[PDB]
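Please read the structure below before turning to the comments.
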Ligand SMILES: [Zn+2]
Ligand SMILES: [Zn+2]
Ligand SMILES: [Zn+2]
Ligand SMILES: [Zn+2]
């Protein structure tokens with residue numbers, strides 16, 4: 000559920582501003598370092614699932630980086646929170662793709 570920085574978007578490629586309340590708190594800018602939050606200007610526009618996340622049905626990781634196949638991707642359901650390979654699902658249906666987050670949909674069980 567907790568996502569990571571995509572490193573590609575307009576927010577990610579932007580350097581730390583050094584002047585917002587989150588930058589001023591960082592140790593590198595002479596602050597106490599207790600907040601541990603990113604620069605306000607670097608809040609990822611499309612956060613991704615961590616590489617350690619596995620399919621609920623087969624227990625394997627996302628294999629799309631090598632396979633280049635949608636069914637080998639990991640998809641997270643924004644309704645039931647289940648993380649599966651579309652190909653591991655035993656019923657019909659395309660589900661409903663979420664355009665706000667990557668690897669996110671309303672799965673064929675929920676939609
Ligand atoms: Zn900043
Ligand atoms: Zn990003
Ligand atoms: Zn699977
Ligand atoms: Zn679902």
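In the deposited numbering, the protein residues as written are 0, 567 to 676. Ideal placement from N, C-alpha and C gives every residue a C-beta, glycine not left out.
- Only exposed fits residue 572, as fewer than 16 other CB atoms lie within 10 angstroms of its CB.
- Per DSSP, residue 630 lies in no beta strand (DSSP E); the unbroken alpha helix (DSSP H) holding it starts and ends at 629-632.
- For residue 582, the closest C-alpha among the options 567, 606, 600, 596 is that of 606.
- Going by DSSP, residue 642 is part of the beta strand (DSSP E) stretching over 640-642.
- Remark: fewer than three beta-carbon pairs, one from each stretch, lie closer than 8 angstroms, so the segment 589-604 and the segment 626-644 are not flagged as touching.
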